[PDB]
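Engineer: See my_file_0.pdb below, with PDB, C-alpha atoms.
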```pdb
ATOM      1  CA  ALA I   1     -17.431  -4.694  -8.776  1.00  0.00           C
ATOM      2  CA  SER I   2     -14.845  -3.808  -6.137  1.00  0.00           C
ATOM      3  CA  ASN I   3     -11.111  -3.190  -5.896  1.00  0.00           C
ATOM      4  CA  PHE I   4     -10.868  -6.169  -3.528  1.00  0.00           C
ATOM      5  CA  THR I   5      -9.137  -8.335  -6.144  1.00  0.00           C
ATOM      6  CA  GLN I   6      -5.905 -10.306  -6.291  1.00  0.00           C
ATOM      7  CA  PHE I   7      -2.832  -8.540  -7.625  1.00  0.00           C
ATOM      8  CA  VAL I   8       0.870  -9.150  -8.138  1.00  0.00           C
ATOM      9  CA  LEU I   9       2.572  -7.692  -5.067  1.00  0.00           C
ATOM     10  CA  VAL I  10       6.143  -8.542  -6.080  1.00  0.00           C
ATOM     11  CA  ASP I  11       6.575  -8.545  -9.857  1.00  0.00           C
ATOM     12  CA  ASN I  12       9.541 -10.775 -10.683  1.00  0.00           C
ATOM     13  CA  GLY I  13       8.834 -10.681 -14.423  1.00  0.00           C
ATOM     14  CA  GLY I  14       7.885 -14.330 -14.757  1.00  0.00           C
ATOM     15  CA  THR I  15       6.820 -17.312 -12.695  1.00  0.00           C
ATOM     16  CA  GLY I  16       8.594 -16.216  -9.511  1.00  0.00           C
ATOM     17  CA  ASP I  17       6.364 -13.234  -8.790  1.00  0.00           C
ATOM     18  CA  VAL I  18       4.325 -12.914  -5.597  1.00  0.00           C
ATOM     19  CA  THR I  19       0.541 -12.708  -5.887  1.00  0.00           C
ATOM     20  CA  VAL I  20      -1.649 -11.760  -2.929  1.00  0.00           C
ATOM     21  CA  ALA I  21      -5.302 -12.722  -3.076  1.00  0.00           C
ATOM     22  CA  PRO I  22      -8.292 -11.237  -1.230  1.00  0.00           C
ATOM     23  CA  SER I  23      -8.606 -12.900   2.139  1.00  0.00           C
ATOM     24  CA  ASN I  24     -10.910 -10.952   4.416  1.00  0.00           C
ATOM     25  CA  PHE I  25     -12.732  -7.653   4.745  1.00  0.00           C
ATOM     26  CA  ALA I  26     -13.756  -6.860   8.299  1.00  0.00           C
ATOM     27  CA  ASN I  27     -13.896  -3.510  10.088  1.00  0.00           C
ATOM     28  CA  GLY I  28     -13.273  -1.714   6.820  1.00  0.00           C
ATOM     29  CA  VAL I  29      -9.868  -3.386   6.528  1.00  0.00           C
ATOM     30  CA  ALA I  30      -9.244  -5.396   3.383  1.00  0.00           C
ATOM     31  CA  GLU I  31      -6.591  -8.085   3.663  1.00  0.00           C
ATOM     32  CA  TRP I  32      -4.683  -9.866   0.915  1.00  0.00           C
ATOM     33  CA  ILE I  33      -2.512 -12.895   1.631  1.00  0.00           C
ATOM     34  CA  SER I  34      -0.322 -15.146  -0.478  1.00  0.00           C
ATOM     35  CA  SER I  35      -1.034 -18.813  -1.123  1.00  0.00           C
ATOM     36  CA  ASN I  36       1.805 -19.702   1.263  1.00  0.00           C
ATOM     37  CA  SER I  37       1.196 -20.817   4.835  1.00  0.00           C
ATOM     38  CA  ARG I  38       0.200 -18.442   7.621  1.00  0.00           C
ATOM     39  CA  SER I  39       3.873 -18.066   8.619  1.00  0.00           C
ATOM     40  CA  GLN I  40       5.178 -17.851   5.058  1.00  0.00           C
ATOM     41  CA  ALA I  41       2.665 -15.593   3.298  1.00  0.00           C
ATOM     42  CA  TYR I  42       2.930 -12.006   2.198  1.00  0.00           C
ATOM     43  CA  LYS I  43       0.153  -9.961   3.760  1.00  0.00           C
ATOM     44  CA  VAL I  44      -1.258  -6.755   2.333  1.00  0.00           C
ATOM     45  CA  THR I  45      -3.760  -4.772   4.373  1.00  0.00           C
ATOM     46  CA  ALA I  46      -5.590  -1.635   3.278  1.00  0.00           C
ATOM     47  CA  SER I  47      -8.273   0.541   4.829  1.00  0.00           C
ATOM     48  CA  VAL I  48      -9.718   4.024   4.398  1.00  0.00           C
ATOM     49  CA  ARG I  49     -11.669   6.309   6.712  1.00  0.00           C
ATOM     50  CA  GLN I  50     -13.245   9.761   6.748  1.00  0.00           C
ATOM     51  CA  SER I  51     -13.335  10.160  10.527  1.00  0.00           C
ATOM     52  CA  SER I  52     -11.780  13.615  10.211  1.00  0.00           C
ATOM     53  CA  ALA I  53     -13.880  16.368   8.672  1.00  0.00           C
ATOM     54  CA  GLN I  54     -11.100  17.341   6.249  1.00  0.00           C
ATOM     55  CA  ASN I  55      -9.360  14.145   5.127  1.00  0.00           C
ATOM     56  CA  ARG I  56      -9.646  10.660   3.801  1.00  0.00           C
ATOM     57  CA  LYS I  57      -6.897   8.628   5.441  1.00  0.00           C
ATOM     58  CA  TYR I  58      -5.708   5.423   3.780  1.00  0.00           C
ATOM     59  CA  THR I  59      -3.888   2.945   5.998  1.00  0.00           C
ATOM     60  CA  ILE I  60      -1.822   0.414   4.061  1.00  0.00           C
ATOM     61  CA  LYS I  61       0.226  -2.362   5.626  1.00  0.00           C
ATOM     62  CA  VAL I  62       2.493  -4.850   3.865  1.00  0.00           C
ATOM     63  CA  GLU I  63       4.147  -7.787   5.624  1.00  0.00           C
ATOM     64  CA  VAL I  64       7.074  -9.196   3.639  1.00  0.00           C
ATOM     65  CA  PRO I  65       8.465 -12.432   5.130  1.00  0.00           C
ATOM     66  CA  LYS I  66      11.774 -14.067   4.324  1.00  0.00           C
ATOM     67  CA  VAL I  67      11.755 -17.752   3.430  1.00  0.00           C
ATOM     68  CA  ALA I  68      13.184 -20.167   5.971  1.00  0.00           C
ATOM     69  CA  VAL I  69       8.565 -20.538   8.288  1.00  0.00           C
ATOM     70  CA  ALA I  70       9.566 -16.890   8.042  1.00  0.00           C
ATOM     71  CA  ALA I  71      12.880 -16.066   9.664  1.00  0.00           C
ATOM     72  CA  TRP I  72      11.691 -12.467   9.804  1.00  0.00           C
ATOM     73  CA  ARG I  73       8.993 -10.179   8.483  1.00  0.00           C
ATOM     74  CA  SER I  74       9.544  -6.718   7.075  1.00  0.00           C
ATOM     75  CA  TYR I  75       6.676  -4.364   7.891  1.00  0.00           C
ATOM     76  CA  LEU I  76       5.600  -1.440   5.734  1.00  0.00           C
ATOM     77  CA  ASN I  77       3.024   0.993   7.129  1.00  0.00           C
ATOM     78  CA  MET I  78       1.665   3.667   4.797  1.00  0.00           C
ATOM     79  CA  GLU I  79      -0.658   6.428   5.968  1.00  0.00           C
ATOM     80  CA  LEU I  80      -1.944   8.483   3.049  1.00  0.00           C
ATOM     81  CA  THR I  81      -4.012  11.521   4.039  1.00  0.00           C
ATOM     82  CA  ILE I  82      -5.986  13.026   1.156  1.00  0.00           C
ATOM     83  CA  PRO I  83      -8.239  16.081   1.579  1.00  0.00           C
ATOM     84  CA  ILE I  84     -11.829  15.421   0.579  1.00  0.00           C
ATOM     85  CA  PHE I  85     -11.538  18.555  -1.573  1.00  0.00           C
ATOM     86  CA  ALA I  86      -9.144  16.605  -3.827  1.00  0.00           C
ATOM     87  CA  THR I  87     -10.382  15.631  -7.279  1.00  0.00           C
ATOM     88  CA  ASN I  88      -9.585  12.502  -9.287  1.00  0.00           C
ATOM     89  CA  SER I  89      -6.697  14.222 -11.080  1.00  0.00           C
ATOM     90  CA  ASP I  90      -5.255  15.335  -7.738  1.00  0.00           C
ATOM     91  CA  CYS I  91      -5.429  11.783  -6.415  1.00  0.00           C
ATOM     92  CA  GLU I  92      -3.782  10.517  -9.599  1.00  0.00           C
ATOM     93  CA  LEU I  93      -1.023  13.062  -8.981  1.00  0.00           C
ATOM     94  CA  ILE I  94      -0.679  11.768  -5.413  1.00  0.00           C
ATOM     95  CA  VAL I  95      -0.421   8.190  -6.677  1.00  0.00           C
ATOM     96  CA  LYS I  96       2.224   9.280  -9.186  1.00  0.00           C
ATOM     97  CA  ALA I  97       4.163  10.954  -6.383  1.00  0.00           C
ATOM     98  CA  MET I  98       4.066   7.734  -4.367  1.00  0.00           C
ATOM     99  CA  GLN I  99       5.118   5.737  -7.434  1.00  0.00           C
ATOM    100  CA  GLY I 100       8.024   8.046  -8.222  1.00  0.00           C
ATOM    101  CA  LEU I 101       9.097   8.099  -4.604  1.00  0.00           C
ATOM    102  CA  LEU I 102       9.868   4.383  -4.978  1.00  0.00           C
ATOM    103  CA  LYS I 103      11.035   4.541  -8.592  1.00  0.00           C
ATOM    104  CA  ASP I 104      13.766   1.996  -9.036  1.00  0.00           C
ATOM    105  CA  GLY I 105      16.757   4.335  -9.355  1.00  0.00           C
ATOM    106  CA  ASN I 106      15.606   6.962  -6.858  1.00  0.00           C
ATOM    107  CA  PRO I 107      17.316   7.933  -3.581  1.00  0.00           C
ATOM    108  CA  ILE I 108      14.962   6.323  -1.046  1.00  0.00           C
ATOM    109  CA  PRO I 109      14.488   2.914  -2.736  1.00  0.00           C
ATOM    110  CA  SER I 110      18.232   2.853  -3.421  1.00  0.00           C
ATOM    111  CA  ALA I 111      18.986   3.411   0.255  1.00  0.00           C
ATOM    112  CA  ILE I 112      16.459   0.751   1.239  1.00  0.00           C
ATOM    113  CA  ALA I 113      17.563  -1.824  -1.335  1.00  0.00           C
ATOM    114  CA  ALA I 114      21.272  -1.314  -0.600  1.00  0.00           C
ATOM    115  CA  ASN I 115      20.695  -1.468   3.187  1.00  0.00           C
ATOM    116  CA  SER I 116      22.448   1.912   3.474  1.00  0.00           C
ATOM    117  CA  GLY I 117      21.049   5.140   4.906  1.00  0.00           C
ATOM    118  CA  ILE I 118      19.728   8.359   3.452  1.00  0.00           C
ATOM    119  CA  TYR I 119      22.717  10.607   2.678  1.00  0.00           C
TER     120      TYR I 119
ATOM    121  CA  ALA J   1      28.799   9.968  -2.827  1.00  0.00           C
ATOM    122  CA  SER J   2      25.403   9.866  -1.124  1.00  0.00           C
ATOM    123  CA  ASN J   3      21.791   9.123  -2.007  1.00  0.00           C
ATOM    124  CA  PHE J   4      20.919  12.708  -1.044  1.00  0.00           C
ATOM    125  CA  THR J   5      20.350  13.734  -4.671  1.00  0.00           C
ATOM    126  CA  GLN J   6      17.502  15.321  -6.601  1.00  0.00           C
ATOM    127  CA  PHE J   7      14.987  13.008  -8.235  1.00  0.00           C
ATOM    128  CA  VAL J   8      11.744  13.162 -10.185  1.00  0.00           C
ATOM    129  CA  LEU J   9       8.989  12.729  -7.602  1.00  0.00           C
ATOM    130  CA  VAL J  10       6.058  12.947 -10.023  1.00  0.00           C
ATOM    131  CA  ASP J  11       6.976  11.634 -13.470  1.00  0.00           C
ATOM    132  CA  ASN J  12       4.630  13.248 -15.989  1.00  0.00           C
ATOM    133  CA  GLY J  13       6.595  11.933 -18.973  1.00  0.00           C
ATOM    134  CA  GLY J  14       7.824  15.304 -20.179  1.00  0.00           C
ATOM    135  CA  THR J  15       8.281  18.873 -19.026  1.00  0.00           C
ATOM    136  CA  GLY J  16       5.442  18.813 -16.492  1.00  0.00           C
ATOM    137  CA  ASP J  17       7.089  16.408 -14.067  1.00  0.00           C
ATOM    138  CA  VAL J  18       7.857  17.331 -10.459  1.00  0.00           C
ATOM    139  CA  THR J  19      11.483  17.287  -9.320  1.00  0.00           C
ATOM    140  CA  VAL J  20      12.436  17.550  -5.650  1.00  0.00           C
ATOM    141  CA  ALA J  21      15.962  18.643  -4.831  1.00  0.00           C
ATOM    142  CA  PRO J  22      18.018  18.075  -1.669  1.00  0.00           C
ATOM    143  CA  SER J  23      17.236  20.803   0.813  1.00  0.00           C
ATOM    144  CA  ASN J  24      18.472  19.904   4.269  1.00  0.00           C
ATOM    145  CA  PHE J  25      19.856  17.041   6.319  1.00  0.00           C
ATOM    146  CA  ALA J  26      19.521  17.576  10.049  1.00  0.00           C
ATOM    147  CA  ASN J  27      18.819  15.052  12.803  1.00  0.00           C
ATOM    148  CA  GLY J  28      19.270  12.214  10.348  1.00  0.00           C
ATOM    149  CA  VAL J  29      16.293  13.459   8.332  1.00  0.00           C
ATOM    150  CA  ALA J  30      16.933  14.232   4.684  1.00  0.00           C
ATOM    151  CA  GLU J  31      14.522  16.674   3.083  1.00  0.00           C
ATOM    152  CA  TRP J  32      13.810  17.282  -0.590  1.00  0.00           C
ATOM    153  CA  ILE J  33      11.716  20.224  -1.758  1.00  0.00           C
ATOM    154  CA  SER J  34      10.547  21.474  -5.131  1.00  0.00           C
ATOM    155  CA  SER J  35      11.665  24.739  -6.698  1.00  0.00           C
ATOM    156  CA  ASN J  36       8.231  26.200  -5.911  1.00  0.00           C
ATOM    157  CA  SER J  37       7.618  28.503  -2.962  1.00  0.00           C
ATOM    158  CA  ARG J  38       7.428  27.289   0.627  1.00  0.00           C
ATOM    159  CA  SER J  39       3.622  27.036   0.344  1.00  0.00           C
ATOM    160  CA  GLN J  40       3.635  25.535  -3.145  1.00  0.00           C
ATOM    161  CA  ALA J  41       6.461  22.983  -3.033  1.00  0.00           C
ATOM    162  CA  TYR J  42       6.378  19.226  -2.860  1.00  0.00           C
ATOM    163  CA  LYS J  43       8.300  18.024   0.172  1.00  0.00           C
ATOM    164  CA  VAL J  44       9.920  14.623   0.513  1.00  0.00           C
ATOM    165  CA  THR J  45      11.424  13.623   3.844  1.00  0.00           C
ATOM    166  CA  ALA J  46      13.324  10.429   4.600  1.00  0.00           C
ATOM    167  CA  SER J  47      15.155   9.091   7.633  1.00  0.00           C
ATOM    168  CA  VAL J  48      16.441   5.773   8.952  1.00  0.00           C
ATOM    169  CA  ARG J  49      17.314   4.547  12.432  1.00  0.00           C
ATOM    170  CA  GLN J  50      18.561   1.425  14.192  1.00  0.00           C
ATOM    171  CA  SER J  51      17.298   2.344  17.657  1.00  0.00           C
ATOM    172  CA  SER J  52      15.743  -1.106  18.019  1.00  0.00           C
ATOM    173  CA  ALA J  53      18.073  -4.074  18.349  1.00  0.00           C
ATOM    174  CA  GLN J  54      16.264  -5.995  15.597  1.00  0.00           C
ATOM    175  CA  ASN J  55      15.227  -3.494  12.919  1.00  0.00           C
ATOM    176  CA  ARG J  56      16.173  -0.659  10.671  1.00  0.00           C
ATOM    177  CA  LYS J  57      13.154   1.625  10.449  1.00  0.00           C
ATOM    178  CA  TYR J  58      12.823   3.986   7.489  1.00  0.00           C
ATOM    179  CA  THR J  59      10.497   6.948   7.943  1.00  0.00           C
ATOM    180  CA  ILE J  60       9.401   8.525   4.666  1.00  0.00           C
ATOM    181  CA  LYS J  61       7.109  11.528   4.368  1.00  0.00           C
ATOM    182  CA  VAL J  62       5.762  13.112   1.190  1.00  0.00           C
ATOM    183  CA  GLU J  63       3.779  16.357   1.145  1.00  0.00           C
ATOM    184  CA  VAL J  64       1.826  16.811  -2.091  1.00  0.00           C
ATOM    185  CA  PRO J  65       0.204  20.261  -2.379  1.00  0.00           C
ATOM    186  CA  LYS J  66      -2.507  21.303  -4.798  1.00  0.00           C
ATOM    187  CA  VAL J  67      -1.949  24.455  -6.830  1.00  0.00           C
ATOM    188  CA  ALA J  68      -4.024  27.493  -5.937  1.00  0.00           C
ATOM    189  CA  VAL J  69      -0.496  28.934  -2.428  1.00  0.00           C
ATOM    190  CA  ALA J  70      -1.570  25.363  -1.747  1.00  0.00           C
ATOM    191  CA  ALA J  71      -5.285  24.924  -1.207  1.00  0.00           C
ATOM    192  CA  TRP J  72      -4.446  21.675   0.559  1.00  0.00           C
ATOM    193  CA  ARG J  73      -1.603  19.255   1.131  1.00  0.00           C
ATOM    194  CA  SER J  74      -1.838  15.494   0.891  1.00  0.00           C
ATOM    195  CA  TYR J  75       0.412  13.753   3.409  1.00  0.00           C
ATOM    196  CA  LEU J  76       1.993  10.346   2.901  1.00  0.00           C
ATOM    197  CA  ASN J  77       3.762   8.710   5.849  1.00  0.00           C
ATOM    198  CA  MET J  78       5.683   5.496   5.201  1.00  0.00           C
ATOM    199  CA  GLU J  79       7.274   3.459   7.977  1.00  0.00           C
ATOM    200  CA  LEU J  80       9.372   0.621   6.581  1.00  0.00           C
ATOM    201  CA  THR J  81      10.770  -1.755   9.205  1.00  0.00           C
ATOM    202  CA  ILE J  82      13.531  -4.020   7.893  1.00  0.00           C
ATOM    203  CA  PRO J  83      15.302  -6.591  10.092  1.00  0.00           C
ATOM    204  CA  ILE J  84      19.049  -6.079  10.248  1.00  0.00           C
ATOM    205  CA  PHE J  85      19.336  -9.770   9.339  1.00  0.00           C
ATOM    206  CA  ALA J  86      18.007  -8.867   5.870  1.00  0.00           C
ATOM    207  CA  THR J  87      20.434  -9.048   2.957  1.00  0.00           C
ATOM    208  CA  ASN J  88      20.585  -6.849  -0.142  1.00  0.00           C
ATOM    209  CA  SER J  89      18.406  -9.263  -2.126  1.00  0.00           C
ATOM    210  CA  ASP J  90      15.819  -9.262   0.664  1.00  0.00           C
ATOM    211  CA  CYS J  91      15.738  -5.470   0.668  1.00  0.00           C
ATOM    212  CA  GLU J  92      15.392  -5.475  -3.118  1.00  0.00           C
ATOM    213  CA  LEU J  93      12.440  -7.833  -2.674  1.00  0.00           C
ATOM    214  CA  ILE J  94      10.949  -5.426  -0.122  1.00  0.00           C
ATOM    215  CA  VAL J  95      11.371  -2.518  -2.538  1.00  0.00           C
ATOM    216  CA  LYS J  96       9.710  -4.569  -5.279  1.00  0.00           C
ATOM    217  CA  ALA J  97       6.813  -5.313  -2.938  1.00  0.00           C
ATOM    218  CA  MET J  98       6.396  -1.599  -2.245  1.00  0.00           C
ATOM    219  CA  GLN J  99       6.610  -0.839  -5.970  1.00  0.00           C
ATOM    220  CA  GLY J 100       4.026  -3.465  -6.885  1.00  0.00           C
ATOM    221  CA  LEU J 101       1.755  -2.353  -4.084  1.00  0.00           C
ATOM    222  CA  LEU J 102       1.394   0.955  -5.949  1.00  0.00           C
ATOM    223  CA  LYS J 103       1.558  -0.501  -9.456  1.00  0.00           C
ATOM    224  CA  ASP J 104      -0.682   1.554 -11.667  1.00  0.00           C
ATOM    225  CA  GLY J 105      -3.512  -0.945 -12.190  1.00  0.00           C
ATOM    226  CA  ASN J 106      -3.472  -2.481  -8.714  1.00  0.00           C
ATOM    227  CA  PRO J 107      -6.277  -2.389  -6.120  1.00  0.00           C
ATOM    228  CA  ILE J 108      -4.864   0.140  -3.635  1.00  0.00           C
ATOM    229  CA  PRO J 109      -3.619   2.793  -6.108  1.00  0.00           C
ATOM    230  CA  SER J 110      -6.875   2.371  -8.034  1.00  0.00           C
ATOM    231  CA  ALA J 111      -8.901   3.050  -4.900  1.00  0.00           C
ATOM    232  CA  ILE J 112      -6.720   6.046  -4.066  1.00  0.00           C
ATOM    233  CA  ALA J 113      -6.691   7.511  -7.578  1.00  0.00           C
ATOM    234  CA  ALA J 114     -10.447   7.040  -8.057  1.00  0.00           C
ATOM    235  CA  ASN J 115     -11.224   8.513  -4.605  1.00  0.00           C
ATOM    236  CA  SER J 116     -13.171   5.324  -3.812  1.00  0.00           C
ATOM    237  CA  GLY J 117     -12.564   2.878  -0.970  1.00  0.00           C
ATOM    238  CA  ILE J 118     -11.018  -0.550  -0.681  1.00  0.00           C
ATOM    239  CA  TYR J 119     -13.681  -3.120  -1.632  1.00  0.00           C
TER     240      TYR J 119
END
```
Translate the structure of the given file into structure tokens.

Structural biologist:
Amino acid sequence: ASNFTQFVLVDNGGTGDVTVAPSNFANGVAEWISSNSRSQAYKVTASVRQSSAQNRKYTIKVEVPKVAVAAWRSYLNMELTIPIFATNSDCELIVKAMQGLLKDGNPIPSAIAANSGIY
Amino acid sequence: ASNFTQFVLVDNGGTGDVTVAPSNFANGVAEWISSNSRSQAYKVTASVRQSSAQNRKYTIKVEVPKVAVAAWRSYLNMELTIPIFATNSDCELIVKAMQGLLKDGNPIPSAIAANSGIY
């Protein structure tokens, strides 16, 4: 009865998609890994805290390797800070803002996916 | 001929969606803001550097306010580190991983949108 479930990290629209499965939950940090080896696996990592009096802070980390062993890993680090005063609709709005930030034709994902810069 | 264009940050599927427009580009930091007032506007902020010898590092910041003036702002901070060795297909894969991380039914956006925690 928890969110700690496997999900499709990279959706390739078929059999080639990447699925990360729950691996570990220690120190409030949930970790998903792919079925690949330790050096070949995608790694998602999420945690949340209310250490501050005003905010929930989600810490999300994604490790994207490139096939080779991994020749390299790309690291994504998200820090989402949500005031505790925020309702469910507000948090849905925040999730929509994050989703539309990386919408496929948008500036920032276009700069990232085309290796170029912003502006 | 640049990515520094307006885009729909929050896609509400109609007239209620949030659109951020290019505002400023100084110190390599592009800034989008909404048509709302300074205290009411969504604020996207993106930058990229190659200070390290191995990585491009994208820094993305989103400020989501709640209507009220803003009673509060939610802050998202993304740091995407991409090796310079990465091709266009690799960066597309990285963008897909970020997009599927926040896919609507997935663990992490479900925890965020339902105010709950991970696991």

Engineer: Would you mind aligning chain I to chain J, a least-squares fit over all C-alpha atoms taken in order, and returning the superposed chain as a compact mmCIF listing (two decimals) with C-alpha atoms, in the frame of the given file?

Structural biologist:
```txt
# COMPACT_ATOMS: atom_id res chain seq x y z
CA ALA I 1 28.80 9.97 -2.83
CA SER I 2 25.40 9.87 -1.12
CA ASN I 3 21.79 9.12 -2.01
CA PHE I 4 20.92 12.71 -1.04
CA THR I 5 20.35 13.73 -4.67
CA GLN I 6 17.50 15.32 -6.60
CA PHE I 7 14.99 13.01 -8.24
CA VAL I 8 11.74 13.16 -10.18
CA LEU I 9 8.99 12.73 -7.60
CA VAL I 10 6.06 12.95 -10.02
CA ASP I 11 6.98 11.63 -13.47
CA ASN I 12 4.63 13.25 -15.99
CA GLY I 13 6.59 11.93 -18.97
CA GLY I 14 7.82 15.30 -20.18
CA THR I 15 8.28 18.87 -19.03
CA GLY I 16 5.44 18.81 -16.49
CA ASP I 17 7.09 16.41 -14.07
CA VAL I 18 7.86 17.33 -10.46
CA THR I 19 11.48 17.29 -9.32
CA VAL I 20 12.44 17.55 -5.65
CA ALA I 21 15.96 18.64 -4.83
CA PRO I 22 18.02 18.07 -1.67
CA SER I 23 17.24 20.80 0.81
CA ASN I 24 18.47 19.90 4.27
CA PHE I 25 19.86 17.04 6.32
CA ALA I 26 19.52 17.58 10.05
CA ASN I 27 18.82 15.05 12.80
CA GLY I 28 19.27 12.21 10.35
CA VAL I 29 16.29 13.46 8.33
CA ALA I 30 16.93 14.23 4.68
CA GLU I 31 14.52 16.67 3.08
CA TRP I 32 13.81 17.28 -0.59
CA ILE I 33 11.72 20.22 -1.76
CA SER I 34 10.55 21.47 -5.13
CA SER I 35 11.66 24.74 -6.70
CA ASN I 36 8.23 26.20 -5.91
CA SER I 37 7.62 28.50 -2.96
CA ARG I 38 7.43 27.29 0.63
CA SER I 39 3.62 27.04 0.34
CA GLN I 40 3.64 25.54 -3.15
CA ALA I 41 6.46 22.98 -3.03
CA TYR I 42 6.38 19.23 -2.86
CA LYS I 43 8.30 18.02 0.17
CA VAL I 44 9.92 14.62 0.51
CA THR I 45 11.42 13.62 3.84
CA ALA I 46 13.32 10.43 4.60
CA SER I 47 15.15 9.09 7.63
CA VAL I 48 16.44 5.77 8.95
CA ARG I 49 17.31 4.55 12.43
CA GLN I 50 18.56 1.43 14.19
CA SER I 51 17.30 2.34 17.66
CA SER I 52 15.74 -1.11 18.02
CA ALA I 53 18.07 -4.07 18.35
CA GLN I 54 16.26 -5.99 15.60
CA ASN I 55 15.23 -3.49 12.92
CA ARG I 56 16.17 -0.66 10.67
CA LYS I 57 13.15 1.63 10.45
CA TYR I 58 12.82 3.99 7.49
CA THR I 59 10.50 6.95 7.94
CA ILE I 60 9.40 8.53 4.67
CA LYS I 61 7.11 11.53 4.37
CA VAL I 62 5.76 13.11 1.19
CA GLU I 63 3.78 16.36 1.14
CA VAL I 64 1.83 16.81 -2.09
CA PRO I 65 0.20 20.26 -2.38
CA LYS I 66 -2.51 21.30 -4.80
CA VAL I 67 -1.95 24.46 -6.83
CA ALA I 68 -4.02 27.49 -5.94
CA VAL I 69 -0.50 28.93 -2.43
CA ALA I 70 -1.57 25.36 -1.75
CA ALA I 71 -5.29 24.92 -1.21
CA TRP I 72 -4.45 21.67 0.56
CA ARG I 73 -1.60 19.26 1.13
CA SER I 74 -1.84 15.49 0.89
CA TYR I 75 0.41 13.75 3.41
CA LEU I 76 1.99 10.35 2.90
CA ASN I 77 3.76 8.71 5.85
CA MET I 78 5.68 5.50 5.20
CA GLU I 79 7.27 3.46 7.98
CA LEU I 80 9.37 0.62 6.58
CA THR I 81 10.77 -1.76 9.20
CA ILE I 82 13.53 -4.02 7.89
CA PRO I 83 15.30 -6.59 10.09
CA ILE I 84 19.05 -6.08 10.25
CA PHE I 85 19.34 -9.77 9.34
CA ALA I 86 18.01 -8.87 5.87
CA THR I 87 20.43 -9.05 2.96
CA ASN I 88 20.58 -6.85 -0.14
CA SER I 89 18.41 -9.26 -2.13
CA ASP I 90 15.82 -9.26 0.67
CA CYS I 91 15.74 -5.47 0.67
CA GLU I 92 15.39 -5.48 -3.12
CA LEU I 93 12.44 -7.83 -2.67
CA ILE I 94 10.95 -5.43 -0.12
CA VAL I 95 11.37 -2.52 -2.54
CA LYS I 96 9.71 -4.57 -5.28
CA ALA I 97 6.81 -5.31 -2.94
CA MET I 98 6.40 -1.60 -2.24
CA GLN I 99 6.61 -0.84 -5.97
CA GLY I 100 4.03 -3.46 -6.88
CA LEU I 101 1.75 -2.35 -4.08
CA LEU I 102 1.39 0.95 -5.95
CA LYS I 103 1.56 -0.50 -9.46
CA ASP I 104 -0.68 1.55 -11.67
CA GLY I 105 -3.51 -0.94 -12.19
CA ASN I 106 -3.47 -2.48 -8.71
CA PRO I 107 -6.28 -2.39 -6.12
CA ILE I 108 -4.86 0.14 -3.63
CA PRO I 109 -3.62 2.79 -6.11
CA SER I 110 -6.88 2.37 -8.03
CA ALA I 111 -8.90 3.05 -4.90
CA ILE I 112 -6.72 6.05 -4.07
CA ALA I 113 -6.69 7.51 -7.58
CA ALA I 114 -10.45 7.04 -8.06
CA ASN I 115 -11.22 8.51 -4.60
CA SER I 116 -13.17 5.33 -3.81
CA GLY I 117 -12.56 2.88 -0.97
CA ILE I 118 -11.02 -0.55 -0.68
CA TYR I 119 -13.68 -3.12 -1.63
```

Engineer: In Å to one decimal, how far is atom CA of residue 2 of chain J from atom CA of residue 79 of chain I?

Structural biologist: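 If I compute the distance from atom CA of residue 79 of chain I to atom CA of residue 2 of chain J, I get 27.2 Å.
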
Engineer: Could you check which of I:35, I:116, I:88, I:40 is closest to chain J, using all atoms listed in the file?

Structural biologist: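 Smallest distance to chain J is found for I:88.
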
Engineer: May I ask you to extract the residues of chain J within 6 Å of chain I, using only C-alpha atoms, and to give them as an MDAnalysis selection string?

Structural biologist: chainID J and resid 2:4 9:10 74:82 88 91:92 96:97 100:101 107 113:114 118:119

Engineer: Can you work out the spacing between atom CA of residue 20 of chain I and atom CA of residue 41 of chain I in Å, to one decimal?

Structural biologist: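 Taking atom CA of residue 20 of chain I and atom CA of residue 41 of chain I, their separation equals 8.5 Å.
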
Engineer: Which residues are close to residue 39 of chain I, i.e. within 7 Å by all atoms listed in the file, leaving aside same-chain residues fewer than 2 positions away? Reply as a PyMOL selection string.

Structural biologist: chain I and resi 37+41+69-70

Engineer: Could you jot down the atom CA of residue 32 of chain J to atom CA of residue 52 of chain I separation for me, Å, one decimal place?

Structural biologist: 28.0 Å
